[PDB]
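A short write-up of the structure that comes next.
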Amino acid sequence: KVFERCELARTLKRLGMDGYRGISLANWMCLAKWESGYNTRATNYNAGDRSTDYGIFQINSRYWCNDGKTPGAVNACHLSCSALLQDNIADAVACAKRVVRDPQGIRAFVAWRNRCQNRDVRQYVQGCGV
């Protein structure tokens, strides 16, 4: 499913993402935008280390979810990577919350460092009623 901007913002809000571990909803929106374009079906294979990024937040199969074909997988979210390709993002959100519980927090997602950090991110939630 490809989310409309405000539809996604309200959805993340309901799922308890606003202010989770000090991360604002606008920051989460910026992350989703640049990781997948708000597309839950997005996948990206990393030929270098043989891992794959899954879903709206492009969560990696080496550390977070299990796809059974990634060398040295850890499955920290204790989830099948399949769960990260659903239209319903509850599982993706639960896993994203797990990711940011590590020391790095939101910094764990490189895309956030490149496109969101130290930038004006209000634009992502404006007009959404969140």
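Residue numbers start at 1 in each chain; chains themselves are named A, B, ... in the order of the structure tokens; ligands are numbered from 1 in the order shown.
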Checklist entry - So which residues of stretch 31-95 of chain A fall under strand (DSSP E or B) by DSSP, listed as a PyMOL selection string? => result chain A and resi 39+43-46+51-54+59-60+66+80
Writing out the chosen residues with N, CA and C atoms as a tab-separated table (two decimals), in the first residue's frame:
chain	number	residue	atom	x	y	z
A	39	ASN	N	5.77	3.54	0.92
A	39	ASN	CA	5.35	2.30	0.28
A	39	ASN	C	5.67	1.10	1.17
A	43	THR	N	11.17	-3.03	-1.26
A	43	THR	CA	12.24	-3.95	-0.86
A	43	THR	C	13.48	-3.53	-1.61
A	44	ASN	N	14.62	-3.77	-0.99
A	44	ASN	CA	15.87	-3.44	-1.61
A	44	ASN	C	16.95	-4.42	-1.17
A	45	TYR	N	17.44	-5.18	-2.14
A	45	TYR	CA	18.48	-6.17	-1.90
A	45	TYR	C	19.87	-5.52	-1.90
A	46	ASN	N	20.68	-5.90	-0.92
A	46	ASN	CA	22.03	-5.39	-0.77
A	46	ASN	C	22.96	-6.53	-1.18
A	51	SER	N	21.87	-8.97	2.34
A	51	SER	CA	20.72	-8.68	3.20
A	51	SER	C	19.70	-7.91	2.37
A	52	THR	N	18.48	-7.78	2.88
A	52	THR	CA	17.42	-7.07	2.19
A	52	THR	C	16.71	-6.15	3.17
A	53	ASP	N	16.37	-4.95	2.70
A	53	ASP	CA	15.63	-3.97	3.49
A	53	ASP	C	14.17	-4.14	3.11
A	54	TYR	N	13.31	-4.18	4.13
A	54	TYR	CA	11.88	-4.42	3.95
A	54	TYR	C	10.91	-3.38	4.43
A	59	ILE	N	13.59	-1.80	6.99
A	59	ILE	CA	14.25	-2.50	8.08
A	59	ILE	C	15.03	-3.68	7.49
A	60	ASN	N	16.30	-3.79	7.90
A	60	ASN	CA	17.24	-4.80	7.39
A	60	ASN	C	17.16	-6.22	7.97
A	66	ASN	N	13.70	-11.77	10.23
A	66	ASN	CA	14.25	-12.96	9.60
A	66	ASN	C	13.61	-13.32	8.26
A	80	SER	N	9.03	-12.25	11.15
A	80	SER	CA	9.32	-12.71	9.81
A	80	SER	C	9.38	-11.40	9.02
Checklist entry - Which polymer residues have any atom within 9 Å of an atom of stretch 92-106 of chain A, counting only C-alpha atoms, with same-chain residues fewer than 4 positions away left out, as a list in words? => result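 Near neighbours after the sequence-gap exclusion: residues 12, 15, 16, 17, 20, 21, 23, 27, 28, 31, 55, 56, 57, 59, 64, 65, 76, 77, 78, 79, 83, 84, 85, 86, 88, 110, 112 and 113 of chain A.
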Checklist entry - Which residues in stretch 1-129 of chain A does DSSP call alpha helix (DSSP H)? List them as a PyMOL selection string. => result chain A and resi 5-14+25-36+90-99+110-115
Just to be explicit: take each residue in the selection above, keep N, CA, C and O atoms, and write the result as a short mmCIF file (atom, residue, chain, number, x, y, z; two decimals), in the first residue's frame.
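Contents of part05.cif, freshly written:
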data_model
loop_
_atom_site.label_atom_id
_atom_site.label_comp_id
_atom_site.auth_asym_id
_atom_site.auth_seq_id
_atom_site.Cartn_x
_atom_site.Cartn_y
_atom_site.Cartn_z
N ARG A 5 0.35 11.13 2.53
CA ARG A 5 1.08 11.77 3.62
C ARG A 5 0.35 11.89 4.96
O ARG A 5 0.81 11.35 5.97
N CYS A 6 -0.78 12.58 4.99
CA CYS A 6 -1.49 12.76 6.25
C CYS A 6 -2.12 11.49 6.80
O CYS A 6 -2.29 11.36 8.02
N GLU A 7 -2.47 10.56 5.92
CA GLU A 7 -3.03 9.28 6.32
C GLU A 7 -1.98 8.55 7.16
O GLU A 7 -2.28 8.02 8.23
N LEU A 8 -0.73 8.57 6.68
CA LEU A 8 0.36 7.94 7.39
C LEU A 8 0.62 8.65 8.73
O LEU A 8 0.78 7.99 9.76
N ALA A 9 0.63 9.98 8.74
CA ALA A 9 0.89 10.71 9.97
C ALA A 9 -0.14 10.36 11.06
O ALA A 9 0.23 10.13 12.22
N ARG A 10 -1.42 10.29 10.68
CA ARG A 10 -2.45 9.94 11.66
C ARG A 10 -2.28 8.49 12.12
O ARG A 10 -2.49 8.16 13.31
N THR A 11 -1.90 7.62 11.19
CA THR A 11 -1.70 6.22 11.51
C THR A 11 -0.55 6.06 12.52
O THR A 11 -0.72 5.38 13.55
N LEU A 12 0.59 6.70 12.27
CA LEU A 12 1.72 6.60 13.19
C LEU A 12 1.36 7.17 14.56
O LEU A 12 1.82 6.67 15.59
N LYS A 13 0.54 8.21 14.55
CA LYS A 13 0.09 8.87 15.78
C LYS A 13 -0.69 7.86 16.63
O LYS A 13 -0.39 7.66 17.82
N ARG A 14 -1.67 7.19 16.01
CA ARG A 14 -2.49 6.20 16.72
C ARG A 14 -1.64 5.07 17.29
O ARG A 14 -1.95 4.53 18.35
N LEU A 25 6.85 12.96 15.60
CA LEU A 25 6.15 12.37 14.46
C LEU A 25 6.75 12.86 13.12
O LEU A 25 6.91 12.08 12.18
N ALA A 26 7.13 14.14 13.06
CA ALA A 26 7.69 14.72 11.84
C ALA A 26 8.98 14.00 11.46
O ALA A 26 9.24 13.78 10.28
N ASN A 27 9.76 13.61 12.46
CA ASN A 27 11.00 12.88 12.20
C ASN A 27 10.72 11.50 11.62
O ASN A 27 11.39 11.08 10.68
N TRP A 28 9.71 10.83 12.16
CA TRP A 28 9.31 9.50 11.66
C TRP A 28 8.80 9.62 10.22
O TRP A 28 9.09 8.76 9.37
N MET A 29 8.06 10.69 9.94
CA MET A 29 7.50 10.91 8.61
C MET A 29 8.64 11.13 7.62
O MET A 29 8.64 10.56 6.53
N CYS A 30 9.61 11.95 8.02
CA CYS A 30 10.76 12.21 7.16
C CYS A 30 11.48 10.89 6.86
O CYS A 30 11.82 10.62 5.70
N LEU A 31 11.63 10.03 7.86
CA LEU A 31 12.28 8.73 7.68
C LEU A 31 11.53 7.87 6.65
O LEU A 31 12.14 7.38 5.70
N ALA A 32 10.22 7.68 6.84
CA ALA A 32 9.38 6.88 5.92
C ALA A 32 9.42 7.41 4.49
O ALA A 32 9.47 6.64 3.53
N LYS A 33 9.35 8.73 4.35
CA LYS A 33 9.39 9.40 3.05
C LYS A 33 10.63 8.99 2.27
O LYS A 33 10.55 8.46 1.16
N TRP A 34 11.79 9.20 2.87
CA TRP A 34 13.05 8.90 2.21
C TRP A 34 13.44 7.44 2.14
O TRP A 34 14.19 7.04 1.25
N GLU A 35 12.92 6.62 3.04
CA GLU A 35 13.25 5.21 2.99
C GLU A 35 12.50 4.46 1.90
O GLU A 35 13.09 3.71 1.13
N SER A 36 11.21 4.74 1.79
CA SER A 36 10.36 4.01 0.85
C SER A 36 9.34 4.81 0.04
O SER A 36 8.63 4.24 -0.79
N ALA A 90 1.35 -2.13 11.76
CA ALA A 90 1.53 -2.35 13.20
C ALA A 90 2.83 -3.10 13.53
O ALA A 90 3.55 -2.72 14.45
N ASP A 91 3.13 -4.15 12.78
CA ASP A 91 4.35 -4.92 13.03
C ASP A 91 5.61 -4.13 12.69
O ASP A 91 6.61 -4.20 13.41
N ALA A 92 5.55 -3.37 11.60
CA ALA A 92 6.67 -2.54 11.16
C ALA A 92 6.95 -1.51 12.25
O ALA A 92 8.11 -1.25 12.60
N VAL A 93 5.89 -0.93 12.80
CA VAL A 93 6.01 0.07 13.85
C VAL A 93 6.61 -0.54 15.12
O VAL A 93 7.51 0.07 15.74
N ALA A 94 6.16 -1.73 15.50
CA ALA A 94 6.68 -2.41 16.69
C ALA A 94 8.18 -2.66 16.51
O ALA A 94 8.97 -2.48 17.43
N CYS A 95 8.58 -3.03 15.30
CA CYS A 95 9.99 -3.30 15.04
C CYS A 95 10.80 -2.00 15.00
O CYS A 95 11.92 -1.95 15.53
N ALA A 96 10.23 -0.95 14.42
CA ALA A 96 10.92 0.34 14.36
C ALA A 96 11.15 0.87 15.78
O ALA A 96 12.19 1.45 16.08
N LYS A 97 10.20 0.62 16.67
CA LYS A 97 10.33 1.05 18.06
C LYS A 97 11.49 0.27 18.68
O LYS A 97 12.28 0.83 19.44
N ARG A 98 11.62 -1.02 18.34
CA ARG A 98 12.72 -1.83 18.86
C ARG A 98 14.08 -1.27 18.38
O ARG A 98 15.03 -1.15 19.15
N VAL A 99 14.15 -0.90 17.10
CA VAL A 99 15.37 -0.36 16.53
C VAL A 99 15.87 0.87 17.27
O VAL A 99 17.04 0.94 17.62
N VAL A 110 20.45 5.36 8.54
CA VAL A 110 21.34 6.28 7.83
C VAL A 110 20.58 7.32 7.00
O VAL A 110 20.99 8.49 6.93
N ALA A 111 19.50 6.89 6.36
CA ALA A 111 18.68 7.80 5.56
C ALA A 111 18.25 9.02 6.39
O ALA A 111 18.20 10.14 5.87
N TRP A 112 17.96 8.81 7.68
CA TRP A 112 17.55 9.92 8.55
C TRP A 112 18.71 10.92 8.73
O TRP A 112 18.50 12.12 8.73
N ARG A 113 19.94 10.41 8.87
CA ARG A 113 21.10 11.29 9.01
C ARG A 113 21.29 12.12 7.76
O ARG A 113 21.52 13.33 7.84
N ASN A 114 21.16 11.49 6.59
CA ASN A 114 21.34 12.19 5.32
C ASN A 114 20.25 13.19 4.91
O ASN A 114 20.55 14.26 4.38
N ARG A 115 18.98 12.86 5.16
CA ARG A 115 17.87 13.71 4.71
C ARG A 115 17.07 14.46 5.75
O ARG A 115 16.28 15.34 5.40
#
Checklist outcome for this item: Residue with the minimum atom-to-atom distance to residue A:61, picked from A:122, A:81, A:117, A:2 with only C-alpha atoms counted, is A:81
Item to check | Atomic separation - atom CA of residue A:72 relative to atom CA of residue A:87, Å | outcome: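 About the pair atom CA of residue A:87 and atom CA of residue A:72: they are 28.0 Å apart.
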Item to check | Atom pair atom CA of residue A:48 / atom CA of residue A:69: separation (Å) | outcome: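 Interatomic distance, atom CA of residue A:48 to atom CA of residue A:69: 13.8 Å.
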